[PDB]
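Q: Here's a structure for you.
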Amino acid sequence: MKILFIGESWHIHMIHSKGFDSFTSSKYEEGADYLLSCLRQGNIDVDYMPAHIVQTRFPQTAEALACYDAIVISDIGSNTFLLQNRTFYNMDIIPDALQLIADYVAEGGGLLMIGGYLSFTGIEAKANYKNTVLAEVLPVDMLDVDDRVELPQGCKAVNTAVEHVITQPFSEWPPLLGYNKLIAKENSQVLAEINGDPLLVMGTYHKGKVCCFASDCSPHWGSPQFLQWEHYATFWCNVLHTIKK
Amino acid sequence: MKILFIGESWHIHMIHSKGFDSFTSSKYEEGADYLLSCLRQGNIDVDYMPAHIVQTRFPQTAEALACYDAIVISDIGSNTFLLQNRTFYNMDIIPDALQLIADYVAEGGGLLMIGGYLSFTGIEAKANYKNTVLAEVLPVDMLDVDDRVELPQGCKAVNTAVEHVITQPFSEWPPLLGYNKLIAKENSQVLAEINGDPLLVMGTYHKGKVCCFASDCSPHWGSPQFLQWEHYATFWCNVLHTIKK
Amino acid sequence: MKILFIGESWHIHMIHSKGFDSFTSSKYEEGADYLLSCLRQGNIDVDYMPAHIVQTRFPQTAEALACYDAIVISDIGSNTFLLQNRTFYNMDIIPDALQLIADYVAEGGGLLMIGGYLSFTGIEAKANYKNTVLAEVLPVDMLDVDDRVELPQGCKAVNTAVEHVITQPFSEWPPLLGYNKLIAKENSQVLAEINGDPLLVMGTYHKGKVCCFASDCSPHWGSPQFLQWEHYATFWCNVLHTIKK
């Protein structure tokens, strides 16, 4: 399978102040190289699209997205898709990128949204997906408020009574350090739950298959133990295959 | 016809980062200056009040606003009214400025609010007009959440079935690139809709007339095509004459 | 009486810009220094715990907090408790600090929360306590949206019919410049109100006593009329004695 994987490294800008004075330091954080590694190890052929490309070169055509068996959006807020540089800084007229994605799913394409601070509703409600059009595509309902459920203690998920390829191979989950609180839509399937809330949900949107994972595939919610985990590489591949065109 | 126009230029402070290092550049983005000239070309005598002046020398009396036939508020959030330098840095007691505006309208004042990231509920719910004395003055209900509807692809508003002098001269709107999502109150008149939502809303507040335009008069929601439109200047002049005292 | 007092000074970072260029200046505001000097000298033994001490060395066992009669949280967001440095930057696993306070209170410890921008729901909803274990502990329900009610004109609180030790010695309040808007829960007693909303709410959490004060013990809501009040010091001492474990 061929997938489009949309994600990015956090940029970090650090102001250091003492008394009157300040200096800065800056750096980056590294996204999901590990998850991308795992996906290349499994069958999967991946096109990584960083947030920068999305902002500057996002495809303007359904056909441009047709060769992908599935799309993944990992911890990028909607603003990034809706306020591309040409829209925000030039006032060119540009296709709704999110509508393209939703159109692409309706024709059989698969979609996976992976949680984090910039997923679903997100920290300070900045991911803001509920107000988008994708809302209608996801097998979940989102909150109005900041989404995060922070779990410094850690908390481990339990699989669901539902039996599924993704979830068959294992039973004990590794600790996760948080997730986006979601509500499952009526006719969707919850495969695991965390702190009583849903963790993995599947639904369809017309012809296409949709999946939400409510925690992050990486730090800090995706704990060292979760990245470690014997089942991590295959879990992710199964999910991808479960939504294949 | 004599009006008080409250608005401003955006200030932009830009942090450029690469590896360890940053440098910064700064500029101003240019506000409603186009609209101001247009009003001046019609009847209208305009007192331009920048948010700087709102912050330092806002009138302390609703009699001081009384020489104005209307007050326009353009994409300036409530914080700017409620947290004048006196109040916020010095704890000096002063009249709630939104209340003076409310009083002013009640005694027959016109009020226009023009949308943007800092109108109504606003980007990230920052403009925050809902939790404000002005919420009952306006002919609209507002969302608890981030208001914005972004239309990178643009969207042409339509005139409603209500007939009006404002909307009389033209049938077809130029595209706009976003608007605040609002709900028309009961006794209010919707003259135009965009994307199935109210664009232009007239109502009353005791003896005063009130208007809500849900998009922006400037970039980036205000498309160039909007700005260059043969009707733009007469539309805004009309809107003002309409809400005159 | 020995209490844990949790708060901080504001750090201020200032970007000054003019045309292209900027420079910066930075400083500190001030925490509850007055209020602390007031609590001591009313023979209250006070451990001051700055955020930062919260962020690096926060008690991780029940035994640790047990030697405290009450805990004071003043103007500190939930993020500071949940996202300590070791969770957020180190990827360690530490226990939920707010479970800790909850546990403590249930075991008969007293809690006081003082309002401000990072209390309750807080400014731009950042304090975020409603999506938190403490929500359950507090004698108030919190809003989904931005909590603040700004009162630049100031408003005098009025005592309630309920007779109480805290409330006897005065009847007229000095003006406050804003507060967090809350709603009293059922089994809870409101001892004072401001602008027709709760200001002093008393309650219990299993074996423990809880108190919410809806305004700030310091600037800018905490007016100079409030700090120079005759009843100021005694008022807080009484609040504390009222929640002594």
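Only the coordinates and a few stated rules stand behind these numbers; no lab work does. Here Cβ is always computed from backbone atoms with ideal geometry, including for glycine, and neighbour counts include all displayed protein chains.
Q: If you place +1 on the Cβ of every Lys and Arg and -1 on the Cβ of every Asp and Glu, how big does the dipole about the Cα centre of the protein assembly as shown come out, in debye to the nearest 20? Don't jump to the answer; show the numbers that get you there.
A: On the way: 48 positive and 84 negative charges, 78 e Å.
The calculation lands at about 380 debye.
Q: Measure out, as a whole number of angstrom, how far apart the alpha-carbon centroids of the range A:136-211 and the range C:172-224 sit.
A: Result: 38 Å between the Cα centres.
Q: Then there is this: Between the range C:79-118 and the range C:1-64, what is the C-alpha centre distance in whole Å?
A: Result: 16 Å between the Cα centres.
Q: Now for a separate question. I need the inter-copy label distances for residue B:2: point set 7 Å along Cα to C-beta, values in nm with one decimal, smallest first.
A: 6.9, 7.0
Q: If you don't mind, another one. Nm distances between the label at residue B:165 and the same-position labels in the remaining copies, 7 Å along Cα→Cβ, shortest first?
A: Shortest to longest, the spacings are 6.9, 6.9 nm.
Q: What's the average, rounded to a whole number, of partner chain beta-carbon atoms within 10 Å of each residue's beta-carbon in A:16-26? Could the numbers behind the result be given before it?
A: Values: counts 1, 9, 1, 4, 5, 3, 7, 2, 8, 5, 8.
Counting Cβ atoms of other protein chains within 10 Å of each residue's Cβ and averaging gives 5.
Q: Only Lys, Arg, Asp and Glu count, each charged at its Cβ (+1, +1, -1, -1), so figure out the dipole size of the range B:88-176 about its Cα centre, rounded to 20 debye.
A: Values: 4 positive and 13 negative charges, 56 e Å.
For this selection, approximately 260 debye.
Q: Also, quick follow-up: Take peptide A:93-99, look around each residue's Cβ out to 10 angstrom, count Cβ atoms belonging to other protein chains, and average those counts.
A: 4
Q: Right, another one. Please compute the net charge surrounding residue B:46, taking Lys and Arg as +1 and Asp and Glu as -1 over other residues with Cβ under 15 Å from its Cβ. The partial results should precede the final answer.
A: Working: positive: B:2, B:40, B:244; negative: B:8, B:33, B:45, B:47, B:69.
Result for the neighbourhood of residue B:46: -2.
Q: Would you work out which of B:231, B:50, A:23 lies farthest towards the positive end of the dipole of the protein assembly as shown? Charges go on Cβ: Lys and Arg +1, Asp and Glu -1.
A: A:23
Q: A further question follows. Would you calculate, for chain C, the mean residue ellipticity at 222 nm contributed by helices, counting each DSSP H stretch of 4 or more residues as -39,500 (n - 2.57) and dividing by all residues, to the nearest 500?
A: On the way: 9 runs with 55 residues, N = 245.
After summing the helix terms and dividing by residue count, I get -5000 deg cm²/dmol.
Q: Name all residues of the range B:96-110 having a backbone nitrogen under 19 Å from the label point set 7 Å from the Cα of residue B:45 along its Cα→Cβ direction, giving them as ranges.
A: B:109-110
Q: So what is the relative contact order of the range A:2-245, in percent, for Cα pairs below 8 Å that sit 6 or more residues apart?
A: Values: 534 pairs, mean separation 47.3, N = 244.
With pairs under 8 Å counted, the relative contact order is 19 percent.
Q: Mind telling me which of A:169, A:224, A:198 comes out most flexible in a GNM of chain A, alpha-carbon contacts under 10 Å?
A: Largest GNM mean-square fluctuation: A:169.
Q: Once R0 is set to 41 Å, what does the formula 1/(1 + (r/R0)^6) return for the Cβ-Cβ distance between residue A:22 and residue C:165, expressed as a FRET efficiency to the nearest 0.05? Intermediate values should be presented prior to the final figure.
A: Working: r = 48 Å, r/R0 = 1.17.
My answer for the efficiency is 0.30.
Q: Something else now. Against the empirical 2.2 N^0.38 Å scaling, what ratio does the C-alpha Rg of chain A come to? Each step should come with its number before you reach the end.
A: On the way: Rg = 18.0 Å, N = 245, 2.2 N^0.38 = 17.8 Å.
Relative to the 2.2 N^0.38 Å estimate, chain A comes out at 1.01.
Q: Separate question: Among the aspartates and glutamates, which have Cα under 13 Å from the Cα of residue C:244 when same-chain residues fewer than 8 positions away are ignored?
A: C:45, C:69, C:107
Q: Which of the peptides B:105-112, C:9-16 is most tightly packed, and how do the rest follow, judged by the mean count of other Cβ atoms within 10 Å per residue? Mind showing how you got there, number by number?
A: Details: B:105-112: 20.9, C:9-16: 12.4.
Sorting B:105-112, C:9-16 by mean packing, highest first, produces B:105-112, C:9-16.
Q: Another question, if that's okay. Give me the compactness ratio for the protein assembly as shown, meaning the Cα radius of gyration over 2.2 N^0.38 Å. Mind showing how you got there, number by number?
A: On the way: Rg = 27.4 Å, N = 735, 2.2 N^0.38 = 27.0 Å.
Taking the Cα Rg and dividing by 2.2 N^0.38 Å, one obtains 1.02.
Q: With Cβ to Cβ distances under 15 Å as the rule, what net charge do the other residues near residue C:173 carry (K, R +1; D, E -1)? Please report the intermediate quantities before stating the final value.
A: Numbers: positive: C:156; negative: C:172, C:193, C:197, C:216, C:230.
Summing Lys and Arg as +1 and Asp and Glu as -1 gives -4.
Q: Highest mean first, what order results for B:232-239, A:170-177 on Cβ atoms within 10 Å? Working shown, then result.
A: Working: B:232-239: 19.4, A:170-177: 17.5.
Highest mean packing first, the order is B:232-239, A:170-177.
Q: Could you work out the mean count of beta carbons from other protein chains within 10 Å of each residue's beta carbon in B:123-136?
A: On the way: counts 3, 7, 7, 2, 0, 6, 0, 2, 8, 2, 0, 0, 0, 0.
If you average over the peptide's residues, the count of other-chain Cβ atoms is 3.
Q: On to the next question. Students often forget the sequence filter, so: which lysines lie under 25 Å Cα-Cα from residue C:126 once same-chain residues fewer than 8 apart are removed?
A: Partners within reach: A:126, A:130, A:181, B:126, B:130, B:181, C:27, C:181, C:185.
Q: With an 8 Å Cα cut-off and a minimum separation of 6 or more residues, compute the relative contact order for the range B:1-116 in percent. Before the final figure, lay out the partial values.
A: Details: 171 pairs, mean separation 35.5, N = 116.
That works out to 31 percent.
Q: Name the chain A residue nearest the rotation axis between A and B, going by Cβ position, and give the distance in whole Å.
A: So the chain A residue sitting closest to the axis is A:144, 3.
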